[PDB]
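Chemist: The following block contains the structure, expressed as structure tokens.
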Amino acid sequence: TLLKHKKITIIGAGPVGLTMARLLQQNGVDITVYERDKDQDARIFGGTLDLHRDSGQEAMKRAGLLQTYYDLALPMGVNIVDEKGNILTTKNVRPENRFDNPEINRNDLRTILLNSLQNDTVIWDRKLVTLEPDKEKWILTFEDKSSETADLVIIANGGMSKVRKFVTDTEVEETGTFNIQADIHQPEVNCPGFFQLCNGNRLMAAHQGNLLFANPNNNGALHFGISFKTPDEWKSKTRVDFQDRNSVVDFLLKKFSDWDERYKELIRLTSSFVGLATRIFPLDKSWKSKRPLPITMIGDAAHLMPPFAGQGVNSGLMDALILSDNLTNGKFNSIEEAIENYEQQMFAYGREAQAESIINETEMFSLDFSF
Ligand SMILES: Cc1cc2nc3c(=O)[nH]c(=O)nc-3n(C[C@H](O)[C@H](O)[C@H](O)COP(=O)(O)OP(=O)(O)OC[C@H]3O[C@@H](n4cnc5c(N)ncnc54)[C@H](O)[C@@H]3O)c2cc1C
Ligand SMILES: Cc1c2c(c(O)c3c(O)cccc13)C(=O)[C@]1(O)C(=O)C(C(N)=O)=C(O)[C@@H](N(C)C)[C@@H]1C2
């Protein structure tokens, strides 16, 4: 009854925002999602996602999509390999435990979430740029100059969100590591040496402070990521330009001098690199207790954390599960009370996940790390 005659808008059609939309919409709520992506066919860059049984799968199960997720997800083994190509350990998948945390492509996950929403729930090509209160309505202004209204706004537009101020003045901060991600489409044909090395499993390798991760089977593409402590020089004078593939390739081949040629072939065969400093949106400071109208944040917009403990999406899907339940479960007598309890709970499991992810980051990028 809290949401009677309330227009609820979600900013961002990521995994967290769409799951939130599904959880509210299946209860009869009036939901609109504004997404900056041009249209539903836009590719989502990055690796696969694993939904954990305790958190991410609960959100999907609660939304009625758990089996759809299982149908599209792939169980993946993991090989720990040294820099010379020697497999050190092989953690294969139990057929019994294959539904524990199978990997799903990001576009496939988005498609299942979109198909569970009513038609035209997501409004595409809508980049929110301004959010201001007008009496009892939020005013949403978009990059294309259009404007919309809402009674409740849920910020779900990712870790670099610029529309958080009414909730918190906390700024995104850097942790000291750097990630370079890339895709090699049709790896059986285009990087056969490294594809053979993965041998149907995800690959993980650490050497000289440089970590390499690879998934050979991300919907017919090999996705891999290279992570390291950000060089101290890049803070004063950096010489790698990430708009120039050739400069990125040159830098990586220097870093990977001692690695087996199959790794260097992987680097030389990459057409585009995405480089980004690891960031955190810290939960050290409490959010604002005085807000002009109901608003909150979920997902990376709430607790962006380093992606070294596999907590990112699962923490966000927990946000959507707890917040959607609080708004519909009859336990609270105001939207604001329901939001406040959500944030109390989220600061608790959010703070723990961030502390874990920082612990893993510090350990993994020490020169003594060995998996
Ligand atoms: C390199 C890397 C690897 C990772 N690996 C994993 C992993 O293996 N497992 C895992 O669980 N997590 C992983 N994560 C973290 C995980 O991807 C995030 O926690 C998760 O994607 C957060 O989802 P979200 O919906 O909150 O935000 P996002 O996934 O960023 O989605 C936000 C959405 O909002 C849209 N948007 C942004 N600004 C606007 C705007 N102004 N107006 C409208 N729409 C807007 C974006 O286009 C996007 O669709 C990784 C992160 C990184 C950087
Ligand atoms: C360290 C780690 C990683 C991942 C991960 O899921 C995870 C976990 O679930 C528990 C503990 C540790 C990790 C990744 O999935 C992954 O996203 C990944 O597979 C990966 C990749 N396939 O390229 C990465 O790039 C890695 N990172 C730099 C973002 C990260 C590494």
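Each chain in the structure tokens gets a letter, A, B and so on, in the order shown; residues start at 1 in every chain, and ligands are counted from 1 in the order they appear.
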So that I can check the surroundings of region 219-224 of chain A, please list as a ChimeraX atom specification every protein, DNA and RNA residue that reaches within 9 Å of it, counting only C-alpha atoms and ignoring chain neighbours fewer than 5 positions away.

Modeler: /A:46-48,104-105,180-188,191,195,203,212-214

Chemist: Please, which residues have at least one atom within 7 Å of an atom of ligand 1, using only C-alpha atoms and all ligand atoms, listed as JSON, numbers by chain?

Modeler: {"A": [11, 12, 13, 14, 15, 16, 17, 34, 35, 36, 37, 46, 47, 48, 49, 50, 51, 126, 127, 128, 129, 156, 157, 158, 159, 161, 179, 181, 298, 299, 300, 301, 304, 307, 310, 311, 312, 313, 314, 316]}

Chemist: Could you state the separation of CA of residue 350 (chain A) and CA of residue 317 (chain A) in Å, given to one decimal place?

Modeler: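 About the pair CA of residue 350 (chain A) and CA of residue 317 (chain A): they are 11.6 Å apart.
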
Chemist: My list of candidates is A:40, A:199, A:236, A:227. Which is closest to ligand 2 when distances are computed with only C-alpha atoms and all ligand atoms?

Modeler: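 Using only C-alpha atoms and all ligand atoms, the shortest distance to ligand 2 belongs to A:227.
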
Chemist: Please list as JSON, numbers by chain every residue within 10 Å of residue 202 (chain A), counting only C-alpha atoms and excluding residues in the same chain fewer than 5 positions away.

Modeler: {"A": [76, 77, 78, 79, 80, 90, 91, 92, 197, 213, 214, 215, 216, 217, 222, 223, 224]}

Chemist: Applying 12 Å and only C-alpha atoms, which residues near residue 235 (chain A) remain after dropping the ones on its own chain fewer than 5 positions away? List them as a ChimeraX atom specification.

Modeler: /A:174,176-177,229-230,277

Chemist: Any chance you can output those residues with N, CA and C atoms as a short mmCIF file (atom, residue, chain, number, x, y, z; two decimals), in the first residue's frame?

Modeler:
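Once written, out_7.cif looks like this:
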data_model
loop_
_atom_site.label_atom_id
_atom_site.label_comp_id
_atom_site.auth_asym_id
_atom_site.auth_seq_id
_atom_site.Cartn_x
_atom_site.Cartn_y
_atom_site.Cartn_z
N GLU A 174 40.05 5.81 -5.75
CA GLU A 174 40.87 4.80 -6.39
C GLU A 174 41.66 3.99 -5.38
N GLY A 176 44.35 1.82 -6.23
CA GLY A 176 45.74 1.62 -6.57
C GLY A 176 46.03 0.49 -7.53
N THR A 177 45.01 -0.15 -8.10
CA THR A 177 45.22 -1.16 -9.12
C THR A 177 44.56 -0.72 -10.42
N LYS A 229 49.13 -3.50 -9.99
CA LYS A 229 49.25 -2.22 -9.31
C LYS A 229 49.49 -1.13 -10.34
N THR A 230 48.79 -0.03 -10.20
CA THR A 230 49.00 1.08 -11.11
C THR A 230 50.45 1.55 -10.98
N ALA A 277 41.20 2.32 -14.03
CA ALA A 277 41.68 2.19 -12.67
C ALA A 277 40.59 1.58 -11.79
#

Chemist: Have a look at A:1, A:25, A:101, A:333 and name the one nearest to ligand 2; count only C-alpha atoms and all ligand atoms.

Modeler: A:101

Chemist: For residue 115 (chain A), find every residue with an atom within 12 Å (counting only C-alpha atoms), except residues of its own chain fewer than 5 positions away, and show them as an MDAnalysis selection string.

Modeler: chainID A and resid 18:19 21:22 40 63:65 68 108:110 120:122

Chemist: Could you give me, as a PyMOL selection string, each residue of region 150-219 of chain A that DSSP assigns to helix (DSSP H, G or I) when run on this structure's backbone?

Modeler: chain A and resi 187-190+192-198

Chemist: Produce a file of the selected residues containing N, CA and C atoms, as a PDB file, in the first residue's frame.

Modeler:
ATOM      1  N   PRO A 187      37.628 -17.210 -30.636  1.00  0.00           N
ATOM      2  CA  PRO A 187      39.019 -17.522 -30.260  1.00  0.00           C
ATOM      3  C   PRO A 187      39.554 -18.817 -30.848  1.00  0.00           C
ATOM      4  N   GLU A 188      38.695 -19.792 -31.153  1.00  0.00           N
ATOM      5  CA  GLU A 188      39.198 -21.023 -31.754  1.00  0.00           C
ATOM      6  C   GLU A 188      39.903 -20.737 -33.071  1.00  0.00           C
ATOM      7  N   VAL A 189      39.484 -19.686 -33.770  1.00  0.00           N
ATOM      8  CA  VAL A 189      40.070 -19.312 -35.048  1.00  0.00           C
ATOM      9  C   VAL A 189      41.122 -18.219 -34.888  1.00  0.00           C
ATOM     10  N   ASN A 190      40.926 -17.291 -33.950  1.00  0.00           N
ATOM     11  CA  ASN A 190      41.724 -16.071 -33.939  1.00  0.00           C
ATOM     12  C   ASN A 190      42.796 -16.018 -32.860  1.00  0.00           C
ATOM     13  N   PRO A 192      44.115 -19.359 -31.484  1.00  0.00           N
ATOM     14  CA  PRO A 192      44.053 -20.805 -31.212  1.00  0.00           C
ATOM     15  C   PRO A 192      45.066 -21.273 -30.184  1.00  0.00           C
ATOM     16  N   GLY A 193      46.245 -20.653 -30.128  1.00  0.00           N
ATOM     17  CA  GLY A 193      47.234 -21.076 -29.151  1.00  0.00           C
ATOM     18  C   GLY A 193      46.755 -20.896 -27.724  1.00  0.00           C
ATOM     19  N   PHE A 194      46.237 -19.707 -27.404  1.00  0.00           N
ATOM     20  CA  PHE A 194      45.784 -19.458 -26.038  1.00  0.00           C
ATOM     21  C   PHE A 194      44.461 -20.154 -25.745  1.00  0.00           C
ATOM     22  N   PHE A 195      43.587 -20.262 -26.747  1.00  0.00           N
ATOM     23  CA  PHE A 195      42.340 -20.997 -26.573  1.00  0.00           C
ATOM     24  C   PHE A 195      42.612 -22.449 -26.198  1.00  0.00           C
ATOM     25  N   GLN A 196      43.608 -23.069 -26.838  1.00  0.00           N
ATOM     26  CA  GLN A 196      43.976 -24.440 -26.498  1.00  0.00           C
ATOM     27  C   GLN A 196      44.505 -24.534 -25.073  1.00  0.00           C
ATOM     28  N   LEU A 197      45.289 -23.540 -24.650  1.00  0.00           N
ATOM     29  CA  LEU A 197      45.846 -23.545 -23.302  1.00  0.00           C
ATOM     30  C   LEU A 197      44.748 -23.511 -22.247  1.00  0.00           C
ATOM     31  N   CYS A 198      43.718 -22.683 -22.453  1.00  0.00           N
ATOM     32  CA  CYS A 198      42.613 -22.634 -21.499  1.00  0.00           C
ATOM     33  C   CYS A 198      41.943 -23.996 -21.366  1.00  0.00           C
TER      34      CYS A 198
END

Chemist: Can you pull out every residue within 9 Å of residue 294 (chain A), counting only C-alpha atoms, but drop anything in the same chain fewer than 3 positions away, and send it as an mmCIF file with N, CA, C and O atoms, in the first residue's frame?

Modeler:
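See part_10.cif below for the written result:
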data_model
loop_
_atom_site.group_PDB
_atom_site.id
_atom_site.type_symbol
_atom_site.label_atom_id
_atom_site.label_comp_id
_atom_site.auth_asym_id
_atom_site.auth_seq_id
_atom_site.Cartn_x
_atom_site.Cartn_y
_atom_site.Cartn_z
ATOM 1 N N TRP A 138 9.881 14.375 -8.214
ATOM 2 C CA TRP A 138 11.216 14.483 -8.781
ATOM 3 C C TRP A 138 11.113 14.912 -10.238
ATOM 4 O O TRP A 138 10.273 14.407 -10.988
ATOM 5 N N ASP A 151 7.654 9.938 -8.453
ATOM 6 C CA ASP A 151 7.436 10.085 -7.018
ATOM 7 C C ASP A 151 8.544 9.437 -6.198
ATOM 8 O O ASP A 151 8.874 9.927 -5.112
ATOM 9 N N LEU A 152 9.115 8.344 -6.693
ATOM 10 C CA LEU A 152 10.261 7.693 -6.076
ATOM 11 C C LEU A 152 11.297 7.448 -7.160
ATOM 12 O O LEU A 152 10.963 6.937 -8.233
ATOM 13 N N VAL A 153 12.545 7.818 -6.883
ATOM 14 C CA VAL A 153 13.660 7.586 -7.791
ATOM 15 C C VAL A 153 14.629 6.623 -7.126
ATOM 16 O O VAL A 153 15.056 6.848 -5.987
ATOM 17 N N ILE A 154 14.985 5.566 -7.844
ATOM 18 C CA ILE A 154 15.990 4.607 -7.409
ATOM 19 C C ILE A 154 17.178 4.738 -8.351
ATOM 20 O O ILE A 154 17.057 4.471 -9.554
ATOM 21 N N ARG A 291 16.338 14.299 3.072
ATOM 22 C CA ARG A 291 16.221 14.257 1.624
ATOM 23 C C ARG A 291 14.877 14.840 1.206
ATOM 24 O O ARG A 291 13.853 14.545 1.831
ATOM 25 N N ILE A 335 7.363 5.080 2.922
ATOM 26 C CA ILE A 335 8.436 4.770 1.986
ATOM 27 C C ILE A 335 9.783 5.079 2.622
ATOM 28 O O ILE A 335 10.740 4.304 2.502
ATOM 29 N N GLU A 336 9.869 6.209 3.327
ATOM 30 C CA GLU A 336 11.137 6.625 3.912
ATOM 31 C C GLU A 336 11.629 5.618 4.945
ATOM 32 O O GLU A 336 12.820 5.289 4.980
ATOM 33 N N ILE A 339 12.980 2.695 3.009
ATOM 34 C CA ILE A 339 14.288 3.010 2.444
ATOM 35 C C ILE A 339 15.355 2.981 3.529
ATOM 36 O O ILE A 339 16.450 2.436 3.335
#

Chemist: Write out as a ChimeraX atom specification all residues of region 112-259 of chain A that backbone DSSP assigns to strand (DSSP E or B).

Modeler: /A:122-123,128-134,137-142,147-150,152-155,173-185,202-207,210-218,221-229

Chemist: Counting only C-alpha atoms, what is within 12 Å of residue 62 (chain A), bar same-chain residues fewer than 3 positions away, as a compact mmCIF listing (two decimals) with C-alpha atoms, in the first residue's frame?

Modeler:
# COMPACT_ATOMS: atom_id res chain seq x y z
CA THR A 19 16.06 -6.91 -11.39
CA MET A 20 14.70 -4.13 -9.18
CA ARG A 22 11.08 -6.86 -12.20
CA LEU A 23 10.69 -7.27 -8.44
CA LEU A 24 8.52 -4.16 -8.12
CA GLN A 26 5.56 -8.19 -10.64
CA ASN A 27 3.77 -6.74 -7.58
CA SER A 55 22.28 -13.68 -2.79
CA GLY A 56 22.07 -13.37 -6.58
CA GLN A 57 20.04 -16.53 -7.14
CA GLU A 58 17.59 -15.53 -4.40
CA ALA A 59 16.87 -12.35 -6.38
CA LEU A 65 13.85 -16.28 -13.47
CA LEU A 66 16.14 -18.76 -11.68
CA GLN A 67 15.53 -21.55 -14.19
CA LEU A 317 21.01 -7.99 -6.54
CA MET A 318 20.70 -8.25 -2.76
CA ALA A 320 17.16 -4.98 -5.17
CA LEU A 321 15.80 -7.93 -3.20
CA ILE A 322 15.81 -6.20 0.19
CA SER A 324 11.81 -4.28 -3.20
CA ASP A 325 10.63 -6.45 -0.30

Chemist: Nearest residue to ligand 2 out of A:252, A:367, A:205, A:93, using only C-alpha atoms and all ligand atoms?

Modeler: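 Looking only at the distances to ligand 2, the closest residue turns out to be A:205.
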
Chemist: Hey, can you check how far CA of residue 130 (chain A) sits from CA of residue 6 (chain A)?

Modeler: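 Result for CA of residue 130 (chain A) versus CA of residue 6 (chain A): 20.6 Å, one decimal.
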
Chemist: Calculate how many Å separate CA of residue 347 (chain A) from CA of residue 155 (chain A), rounding to one decimal.

Modeler: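 Atom-to-atom, CA of residue 347 (chain A) and CA of residue 155 (chain A) are spaced 15.9 Å apart.
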
Chemist: Counting only C-alpha atoms, what are the residues of region 287-367 of chain A within 8 Å of region 163-167 of chain A, and for each of them which pair of atoms is the nearest and at what distance in Å, to one decimal? Sort the table by chain and rising number, as JSON lines.

Modeler:
{"residue": "A:287", "atom": "CA", "partner": "A:167", "partner_atom": "CA", "distance": 5.8}
{"residue": "A:288", "atom": "CA", "partner": "A:167", "partner_atom": "CA", "distance": 5.5}
{"residue": "A:291", "atom": "CA", "partner": "A:166", "partner_atom": "CA", "distance": 6.3}
{"residue": "A:292", "atom": "CA", "partner": "A:166", "partner_atom": "CA", "distance": 8.0}
{"residue": "A:295", "atom": "CA", "partner": "A:167", "partner_atom": "CA", "distance": 7.2}
{"residue": "A:296", "atom": "CA", "partner": "A:167", "partner_atom": "CA", "distance": 6.5}
{"residue": "A:297", "atom": "CA", "partner": "A:167", "partner_atom": "CA", "distance": 7.7}
{"residue": "A:301", "atom": "CA", "partner": "A:164", "partner_atom": "CA", "distance": 7.8}

Chemist: Hey, which of A:207, A:98, A:351, A:52 ends up closest to ligand 2? Count only C-alpha atoms and all ligand atoms.

Modeler: A:52

Chemist: Using only C-alpha atoms, pick whichever of A:260, A:43, A:206, A:272 has the shortest atom-to-atom distance to residue 85 (chain A).

Modeler: A:260

Chemist: Which residue, A:88, A:112, A:262, A:39, has the smallest gap to residue 69 (chain A) when you use only C-alpha atoms?

Modeler: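 Of all the options, A:112 lies closest to residue 69 (chain A).
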